[PDB]
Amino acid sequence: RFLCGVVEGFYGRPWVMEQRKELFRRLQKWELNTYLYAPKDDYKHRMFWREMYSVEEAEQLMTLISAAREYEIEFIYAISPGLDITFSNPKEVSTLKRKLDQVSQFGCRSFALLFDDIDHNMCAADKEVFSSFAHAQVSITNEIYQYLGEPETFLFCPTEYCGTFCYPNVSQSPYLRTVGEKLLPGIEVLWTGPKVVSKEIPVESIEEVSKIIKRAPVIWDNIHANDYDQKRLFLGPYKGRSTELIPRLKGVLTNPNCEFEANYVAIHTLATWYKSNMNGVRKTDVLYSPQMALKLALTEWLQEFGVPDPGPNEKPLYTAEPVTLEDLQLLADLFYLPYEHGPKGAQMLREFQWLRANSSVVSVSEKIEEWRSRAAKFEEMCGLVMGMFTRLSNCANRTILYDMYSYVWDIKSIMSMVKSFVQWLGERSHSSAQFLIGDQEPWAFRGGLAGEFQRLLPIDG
């Protein structure tokens, strides 16, 4: 059994019924199997873990759990008590049991305990009863695990849940030592790789962590997450993980973008990655191509954009220029991966800085010929980004469009300011006009009190 699929475990707006049901559908049809319920901002999942779900809240989870059964997806309910739990207090342990009993009754059969993103410091009482932090955690986990009849799928998430989080390091951790020794063998351990958001999950570090936890980990992959508060979006393919990891892991769950529809690629490409070495035994990648996987994903995703007779003298059917595969390929390029822009977007950035760097060449002859030859192709590229923004804003699927609309609006806005600036640079040996940010539309014509103040900031001078 290999757990593969999605963990809804980011900070931000939790997905709704409509979205989650749609996720289960897509997961089923791409042959994935797992959904881990972990919304950091489902108040009763973390913050107020003690509270029972209300009647309305209960009917919803039951429906949610039912749908997962209907689409053959295993629903794992996670709880995160580590913010304010007194481990040594028996009333606490009892409440944790009570909570997980409510969810069992809702129809859930697979559970997880999470101790991620909390501090190491125990309280006084706990420090008397427990040797270390790991000892407190493992004790309560094991107890819960056994109390629930030792379910087939039970997960544990460490506090030291990734390479950079282990004191003093991975292979010599007192915390991970305890976990790998004392935690019952029927329980899975979640791991994210070298870092929270791992650029690569090298096979070496998987063997390294495998040794100390004394089992194969389940990846909680944060490759596509965007909950870090400087809004980005990742539509690139699943990269950085060798298919050789598959036979060395108990599972891979991906914690994708907060915006739901922005996750087609992320989840699609993971399924392709998983299916490429589904059965393979234990032995850059010889089985999986991120470039070819992104293409397959975008090809199928395009079909999600499409539309669901009149006489020559009658009114023409509502229609607009269709979104093309090339449009999407450009979209993904511009909103690629956390550690890597796409080729064309990266190239546009180089070009813009070169043009601005060498703009003296046109201020007051062979460099002049190269500069213009480059500023031409740059404006021609800026034009394509606008082109595909417009086709995107016109498509039939409004749900997909509005999930990433603010991102698309931002880059569209910048490109035009950038295009104007290049034009204005290219015309200064025959123009006396001074460039100002306060002359544009996204800066000088911005709404709200926030904008009124922004215009008064020292822009240009």
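All residue numbers refer to positions in the sequence shown, first residue = 1.
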query: Size class of the missing deposited segment between residue 364 and residue 365; finding: 4 to 9
query: Chain break class at residue 185/residue 186 - deposited residues not modelled; finding: none
query: Given 447 to 455 and 7 to 15, the range whose Cα B-factors average higher in the PDB entry; finding: 447 to 455
query: Mean C-alpha B-factor comparison - 117 to 125 and 254 to 262, higher one; finding: 117 to 125
query: Peak C-alpha temperature factor (PDB record), options 192, 142, 171, 104; finding: 171
query: Selection by C-alpha B-factor (highest) of 334, 155, 100, 213; finding: 213
query: Modelled-residue ranking by C-alpha temperature factor, third containing residue 167; finding: highest
query: Cα B factor band for residue 288 (lowest, middle or highest third within the chain); finding: highest
query: Residue 430 - which third its CA temperature factor falls in, relative to the rest of the chain; finding: highest
query: Third of the chain, ranked by Cα B-factor, where residue 347 sits; finding: middle
query: Chain thirds of CA B-factor: placement of residue 64; finding: lowest
